[PDB]
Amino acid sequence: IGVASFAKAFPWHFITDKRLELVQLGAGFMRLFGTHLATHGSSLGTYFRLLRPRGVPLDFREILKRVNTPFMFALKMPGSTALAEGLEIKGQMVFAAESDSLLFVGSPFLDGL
């Protein structure tokens, strides 16, 4: 199965290219900020803050070096939204070498909501 088709089984996923531009978003994230992609762009850092692994810049090469540890992201909601701002998503990152893609697959973490 291709990486993009695999990812579609997961509502909480994203796929980026090698510049960390989003090329696919799962249904969960599309619900939360899909409306804003046209106006706010497709840069991963526009919508996500990297929480874990700690102290890792949002840079393809640096993420790729740590691709084997668990990842956690907090959302940056467009507009004024105390509600999903800082919603946490824990999961795993996988590198697809054929296409130079990064896949994140996760699930929301409700312990601080």
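All residue numbers are counted from 1 along the displayed sequence.
Novice: State which stretch shows the higher mean Cα B factor in the entry: 67 to 75 or 83 to 91.
Specialist: So the stretch with the higher mean C-alpha B-factor is 83 to 91.
Novice: Highest recorded C-alpha temperature factor, please, choosing from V23, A96, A9, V105.
Specialist: Of the options given, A96 has the highest CA B-factor in the PDB entry.
Novice: What third of its chain, lowest, middle or highest, does the C-alpha temperature factor of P53 fall into?
Specialist: Middle third - that is where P53 ends up once the chain's C-alpha B-factors are sorted.
Novice: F33's Cα B-factor: lowest, middle or highest third of the chain?
Specialist: Middle third by C-alpha B-factor.
Novice: According to the PDB entry, is the CA B factor of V3 in the bottom, middle or top third of its chain, that is, lowest, middle or highest?
Specialist: Middle third - that is where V3 ends up once the chain's C-alpha B-factors are sorted.
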